[PDB]
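In: experimental coordinates for this protein are included below, preceded by the sequence.
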2 protein chains.
Amino acid sequence: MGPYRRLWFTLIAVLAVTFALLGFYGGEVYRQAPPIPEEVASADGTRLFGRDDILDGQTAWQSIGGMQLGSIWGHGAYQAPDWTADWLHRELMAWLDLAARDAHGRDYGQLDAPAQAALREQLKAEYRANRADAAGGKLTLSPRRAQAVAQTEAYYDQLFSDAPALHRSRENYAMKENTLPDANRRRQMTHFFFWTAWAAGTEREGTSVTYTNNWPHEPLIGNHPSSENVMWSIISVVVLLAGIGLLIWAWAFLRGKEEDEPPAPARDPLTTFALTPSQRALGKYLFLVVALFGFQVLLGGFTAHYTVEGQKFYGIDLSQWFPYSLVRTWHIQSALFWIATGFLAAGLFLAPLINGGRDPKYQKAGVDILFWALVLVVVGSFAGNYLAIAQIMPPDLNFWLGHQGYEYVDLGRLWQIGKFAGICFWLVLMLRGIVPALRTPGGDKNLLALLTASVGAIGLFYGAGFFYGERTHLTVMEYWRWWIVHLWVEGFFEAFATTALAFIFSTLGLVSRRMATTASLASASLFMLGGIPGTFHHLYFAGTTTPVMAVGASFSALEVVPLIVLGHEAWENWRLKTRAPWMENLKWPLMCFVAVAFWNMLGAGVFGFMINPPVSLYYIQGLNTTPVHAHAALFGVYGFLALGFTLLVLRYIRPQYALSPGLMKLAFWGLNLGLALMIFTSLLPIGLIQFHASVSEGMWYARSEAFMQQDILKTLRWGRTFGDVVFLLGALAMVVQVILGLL
Amino acid sequence: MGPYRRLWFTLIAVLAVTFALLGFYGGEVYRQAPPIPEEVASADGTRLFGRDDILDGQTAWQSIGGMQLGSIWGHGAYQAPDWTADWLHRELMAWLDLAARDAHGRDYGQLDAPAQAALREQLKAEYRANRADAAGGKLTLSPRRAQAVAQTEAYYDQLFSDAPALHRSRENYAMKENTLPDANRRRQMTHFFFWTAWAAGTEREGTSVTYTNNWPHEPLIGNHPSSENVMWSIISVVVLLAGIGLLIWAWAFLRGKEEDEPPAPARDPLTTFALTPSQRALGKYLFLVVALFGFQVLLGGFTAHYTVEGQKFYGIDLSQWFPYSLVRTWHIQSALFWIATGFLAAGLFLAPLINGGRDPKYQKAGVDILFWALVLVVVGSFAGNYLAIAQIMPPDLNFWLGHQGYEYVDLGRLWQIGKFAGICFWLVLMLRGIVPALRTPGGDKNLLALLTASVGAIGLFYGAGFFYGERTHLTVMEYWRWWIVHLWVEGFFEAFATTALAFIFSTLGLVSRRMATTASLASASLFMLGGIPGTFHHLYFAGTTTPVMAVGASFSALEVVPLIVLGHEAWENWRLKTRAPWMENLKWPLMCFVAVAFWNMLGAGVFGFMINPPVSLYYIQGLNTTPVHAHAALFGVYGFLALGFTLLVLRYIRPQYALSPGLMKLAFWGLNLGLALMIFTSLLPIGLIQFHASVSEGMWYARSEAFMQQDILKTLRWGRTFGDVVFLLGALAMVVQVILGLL
Ligand code: HEM
Ligand code: HEM
Ligand code: HEM
Ligand code: HEM
Ligand SMILES: [Ca+2]
Ligand SMILES: [Ca+2]
Ligand SMILES: [Fe+3]
Ligand SMILES: [Fe+3]
């Protein structure tokens, strides 16, 4: 439509190509998944567990916290070990002991190296084979492997059962003391752990890669990164460099240098409109954003104390009421809640201002219903997490209200349905402001159609957090989980907070509908080419095949290439301040939108491609260079956009309040300096020492308590505090600034 | 000096820091070199070879062609196998056979896998130990290893001695039939090969890395990329991305947008000066450049026929007179000669024009003496290579006049002394034109001091091609060799062909001494920060330690970072064409300087960092992704700069000759399209298949004749021709254009 027939058709073609690339390979993720075996049995014929016990153990694992206690297939928390690697290493060492007993009379560690090599070559014939019975439903594992599985079952039966022998192992893993009051639930959760470490051990039918693409790096069964893994890794590095260079070449040559130089108006154009009640009802939203932000930084500082200290916290223990999984669940979920609530507040700010300057019918009541629905969803979700991790809750009603166990979707399915209904109600309150400004027979729907499609994308695509039930397959709950963590949080918050920012900078008269639409459709098609099928860089090592990794390496090297080139759209945007005299009221939001760009190249670009290619992520998935990228990209991009929109909507609803520079200097350069201080001095060197240990000895070694208490990694995570107090001072100054602004 | 006290002191500090980094680590490359053992002996006490026989075999290996027949420690040609990996694999398989004989009565391939693992764990106790006797001079290797060495000695005694059993192995390796008419020289060259495959096999004193940093990827002795290898590789990738992004951030913000917009003069300022004899004597130089260029493309097409076909060439064989090593020696050396001669011609063009418009005293005679000295050096070097590879030369006088054996320095030491004396005579003829324009008491020495330092650097730094004699240590001949291939060819042709280009574009009045000096000292200090201590990415896997690799990964990620950002200085140096109406006479040089930039990001940036980091180069050093980078970076950067400086000096010595567009379109878009066609369709897919085979089975497997005749790699190098005829038509059109211009 309009004079944008090239850019709009490019955007639609990119959307269709990348969504066909998601659908055709999601069918494969669905059909090339590792089979949950119907009846596991020993070779003699005794009846071991089945797929019903494996899925009941999966539900029991979801009850204890799930991916907030430790990792499964690399995806989880990072204090407790990854259970599919720790179970694998303990089962392999039990098999090596039971193979050295009836062959040499000793253990594995007492034998000489030509005997240990002959035993490991016996390991790589039983574990890298003996898969399912080809739709026969049986497994039929060896009696030595049966005794090894039943021998390592006792370790996790004593680990989650308050045994005093495995005390000082639960303090190094930050687990609470009891952690499972039932005895059948542990006995089934070890069956679930065996299934996750059996899918990670046995090859496929016809290939030399396992079901998790050779993942948990184990030299005992010979788990090394495969051939096409390294091929697509070096192809992705070539694609990254020839993407950055060809993008700079095509920008410098194929550009239209018009230099129209549009003049800025002499008055702030959003102050000519009136203070309607739907604008004034956003003080509760801007209070909830910084309240959840202060709560989130406090819970982040509280879940970092279980890493340094044990489970005591300077006296009597509160780990029986607030364990590490609960405060980490809250520290993740309230982060997602305030980041979504800041963008919802910015949308509800822009929604009456699109439709002239007036509200639609029944708008303030809808804004109030939406605010109290969001507060009810937060409070009910946190009460459900507390009731599910403390096990004061029935396991029949654990998934619906309680804890889902998977990170970034930890809130229960009833509260997830409530959050999706609140997001659809915000979609209704957005379209009721946009559609009466598009139903008029005019020619004003140039950028507003892109904003309408972006609002529909951020509103409707939380429904992909369904299509996985309570006891369904784990690979399907790691394909539809990243549809709403990579495609919606990363992909459709960027596509909303850039086009709404372009609409704001266009309505102020600073950009003039040609750098607000051609530079906002090209900046929404460079990202949907590498962001929509880049979802597969989370599905490398979880039940998928080699072409999923092939798509997710190449089409995620192509989303770093418009992020490294962010000198433009960081100086372009920065200049806008030096274009009008009334822009000094918007100095501090326009500074955050500069820092948004900086942590969009350092957080998502440099540290996003450090862990991206499939031979680098192999030794990294589950280590401490993932919270580097997570803290630098979720707070540095979407946690400064939501604090830029908060201070922009603090203006034009409290227009007589100056932002008081001297406090906002602390609130900006405490957050930025603390984020750069707690990442570059504590998280990244720990992650690099873990990376050296994970490439040296194995994935089990980087997560084990013999390595995470190495007395150099004790002081290096004790050194979180010298960046953490700085981050807490910056976040506290931002909170006090917004509260003093709201009254 | 002048108003450039910041940039000049930055350049001097970068020079001093990177040259201290070269000196302090070159001392370590001198002292941490692998020892040539004084007396190799078996365990019983029989006297095997010594270091004198090893160095005489090194001289014998230099006599046959050296690094133009096959590789040693990764550095060499790519048709014949790498001899330190092929000797290593044959010695290991001979040891495995002689260890399976007296233990099971069978061979290695007939045993089951728990016996083969127990034999390989016996391999990694004798080969990864038993180094030198700690300044005792002895080696004292096992009698099983002695029989393995004497058993694999017969294979290379039959390989280089026209044996009919190893015929069709010499046609797959492109070696000529006889290749060594002596019998003691082969018997010592196998001792040299044993030393190169013994240094690459045994660990150091105290560490788990071998003397060549674990290099030839062999799962038998467990040669894998080490821990700090992978650590400094991922640190180099982070340094690359945070160099590109921070460079774009510091360019977009810390820039002075003055927009002075200097006007171009109405007449071409290099035509106001007169045609002196020192300008008119450059027709011989511009004839020699394109004569050696046509000869070089013909010899490249002739050394690519020994890869596809055997040693016959469509009838009776000329491999006895022109083998693969001789035509490859010529194809490399005449490439270096015409690339240096084009820059010498551009310097001799600029040298009288700096000193007003007049020649100094005795200038045309000096130009004629220099031209005939260069022609004598080319003819004497090629006759020496022909007499040394055919063995119609005494071995006492082989290194001085003959073949040095090391690639890019293949011409003999007498001819190398003659080439260095010609380069110093060109230094004299340059300074005789520059210094009388600097001895005047004025204020014109702004850019000319940088040009003087650059001309002194390109003149004096060929003397680092000395400091290695005839029989000196191979690691020292791989540290002082790359002082004049990486630091002088790559580092001081770029620092000469950019500052002379800035001087030319400043003399025309197109840039105005502020984009010709601030953009030429910043473009000469971004490159000397990653170019001067980046020399160590050629010294990873040749006798060096881990900190040499640590310097060469980090300080060579920092030389890709000003090469990927080449949209600027490719559009800045093309905008000019539209600046003046008389610029249409310089359309085709200014188009070549555009393509210079393009292959400076695709040839040196994308394909230069594809093979750069020490875990990627480990599986690549010696494969067919090195001629990708070599053909794209030596011709695409320094072979289009020397053809831009040829067609620029074709003007202003033949000013009445229009460059005839229609033929120059063929000469440009045949060279560019053939270089992009013979790289992306034949060399890079062969290199990627070899990379997959080198990460799968080993370094011996990627080079062996069982893999290079795999019938998919036969047609894929047979498909060189469909880009080769296009490159030949482009080079032929350039040759005919310059010859028709010169008369
Ligand atoms: C002083 C401030 C903070 C501290 C001390 C802190 C600390 C932590 C800790 C200890 C973890 C768990 C690491 C593990 O699993 O072992 C974590 C995870 C996480 N934090 Fe924070 N945090 C802080 C601020 C923030 C902020 C502002 C955000 C903004 C969105 C955030 C988002 C996250 C996320 C997404 C994770 C999950 C990472 C993952 O699971 O891989 N954090 N943080
Ligand atoms: C722009 C905003 C971005 C945000 C907010 C973001 C957020 C996150 C978070 C929170 C995680 C942690 C997942 C977990 O805890 O299991 C993650 C993982 C990951 N991110 Fe990003 N990301 C962003 C951009 C990128 C980009 C551009 C890349 C490009 C390659 C990338 C590469 C990765 C990879 C490979 C992982 C997998 C690590 C793992 O699963 O352990 N990210 N991302
Ligand atoms: C039709 C044109 C050409 C053809 C067919 C060709 C072919 C070849 C061949 C077959 C090799 C040997 C590969 C091996 O060692 O196995 C080679 C090496 C080389 N060629 Fe060319 N070439 C051509 C043009 C050029 C040009 C114009 C240059 C400009 C400087 C050049 C520079 C080199 C260099 C430096 C090497 C050595 C690479 C190394 O040793 O790693 N070639 N070329
Ligand atoms: C700009 C002009 C450049 C030229 C003319 C050039 C030339 C060459 C040549 C001819 C070789 C072959 C060496 C041999 O035959 O043994 C080589 C090797 C290599 N180049 Fe470059 N290069 C350039 C830039 C770069 C850059 C910027 C990098 C940055 C990382 C780089 C990385 C490498 C590496 C790692 C090797 C080692 C491959 C091996 O030794 O087998 N090159 N270069
Ligand atoms: Ca995580
Ligand atoms: Ca070479
Ligand atoms: Fe992602
Ligand atoms: Fe180099």
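Out: Alright, I've got the coordinates. Residues are numbered from 1 along each chain as shown, chains lettered A, B, ... in the order given. Ligands and ions are numbered 1, 2, ... in the order given.

In: contacts only, for the residue of chain A found nearest ligand 1.
Out: Closest approach of chain A to ligand 1 (Cβ to the nearest ligand atom) occurs at residue A:300, with a separation of 2.9 Å. Every C-beta, even on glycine, is put in place using the N, C-alpha and C of the backbone. Residue A:300 makes contact with residue A:331, according to Cβ atoms under 8 Å, 6 or more residues apart in numbering or on different chains.

In: residue A:243: which element?
Out: Using DSSP states H and E, residue A:243 sits in helix A:227-253.

In: number of nearby residues for residue A:721?
Out: By other Cβ atoms under 10 Å in any protein chain shown, 16 other residues sit near residue A:721.

In: quick one: it from ligand 3, how far?
Out: Residue A:721 sits 52 Å away from ligand 3, going by Cβ to the nearest ligand atom, to the nearest Å.

In: and the strand or helix carrying residue A:740, how far out from the chain's middle?
Out: Using DSSP H and E, residue A:740 falls within helix A:721-741. Its chain's C-alpha centre and that of helix A:721-741 lie 24 Å apart, by Cα atoms, centre = their mean, to the nearest Å.

In: how about that helix: buried residues?
Out: Neighbour-count burial for helix A:721-741, counted by 16 or more other Cβ atoms under 10 Å in any protein chain shown, picks out A:721, A:723-724, A:726-735, A:737-738, A:741.

In: quick one: that helix near ligand 1?
Out: Yes: against ligand 1, helix A:721-741 shows contacts by Cβ under 6 Å from any ligand atom at A:724, A:727, A:728.

In: where's residue A:41, which helix or strand?
Out: Assigned by DSSP H and E, residue A:41 falls in strand A:39-41.

In: any chance you could list what contacts that strand?
Out: By Cβ under 8 Å, 6+ apart, the list of residues contacting strand A:39-41 reads A:47, A:48, A:49, A:50, A:51, A:137, A:138, A:139, A:140, A:141.

In: in the sheet, which residues pair with the first one? Tell me.
Out: Read that as residue A:47. residue A:41 (DSSP bridges).

In: can you redo the contacts of strand A:39-41 as a markdown table with neighbour count?
Out: Putting those into a markdown table (neighbours: other Cβ atoms under 10 Å in any protein chain shown) gives the following:
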| residue | neighbour count |
| --- | --- |
| A:47 | 9 |
| A:48 | 17 |
| A:49 | 22 |
| A:50 | 18 |
| A:51 | 19 |
| A:137 | 14 |
| A:138 | 13 |
| A:139 | 23 |
| A:140 | 16 |
| A:141 | 22 |
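
In: so which of those comes closest to residue B:246?
Out: Nearest to residue B:246 among the contacts of strand A:39-41 is residue A:51, at 52.1 Å by Cβ to Cβ.

In: excluding its backbone neighbours, what's nearest the closest one?
Out: Closest residue to residue A:51 apart from its sequence neighbours, by Cβ to Cβ, 6 or more residues apart in numbering or on different chains: residue A:36 at 4.3 Å.

In: OK, contacts around the residue of chain A found nearest ligand 2?
Out: The nearest approach of chain A to ligand 2 comes at residue A:608, 3.1 Å away (Cβ to the nearest ligand atom). Shown in contact with residue A:608 (Cβ under 8 Å, 6+ apart): A:560, A:563, A:629, A:633.

In: how many other residues sit next to residue A:316?
Out: Using other Cβ under 10 Å: residue A:316 sits among 8 other residues.

In: please apply the same query to residue A:443.
Out: Neighbours around residue A:443, by other Cβ under 10 Å: 8.

In: from residue B:54, how far off is it?
Out: Computed as Cβ to Cβ, to the nearest Å, the residue A:443 to residue B:54 distance reads 84 Å.

In: same thing with residue A:200?
Out: Counting by Cβ to Cβ, the gap from residue A:200 to residue B:54 is 49 Å.

In: neighbour count for those two, which is higher?
Out: More neighbours surround residue A:200 than the other of residue A:200 and residue B:54, with 30 against 24 (other Cβ under 10 Å).

In: residue contacts, that one?
Out: A:73, A:84, A:85, A:88, A:210, A:211, A:212, A:215, A:216, A:223.

In: name the element the second one belongs to?
Out: Assigned by DSSP H and E, residue A:84 belongs to helix A:83-104.

In: that older thread, give me the subset of the contacts of residue A:200 that lies in helices.
Out: Assigned to helices by DSSP state H, the following of the contacts of residue A:200 qualify: A:84, A:85, A:88.

In: the first one: neighbouring residues, count only.
Out: Look at residue A:84: counted by other Cβ under 10 Å, it has 30 neighbours.

In: check whether it really touches residue A:196, as I assumed.
Out: Yes: shown here, residue A:84 and residue A:196 form a contact pair, counting by Cβ atoms under 8 Å, at 4.0 Å.

In: could you tell me which residues touch both of those two?
Out: Common neighbours of residue A:84 and residue A:196 (Cβ under 8 Å, 6+ apart) are A:72, A:73.
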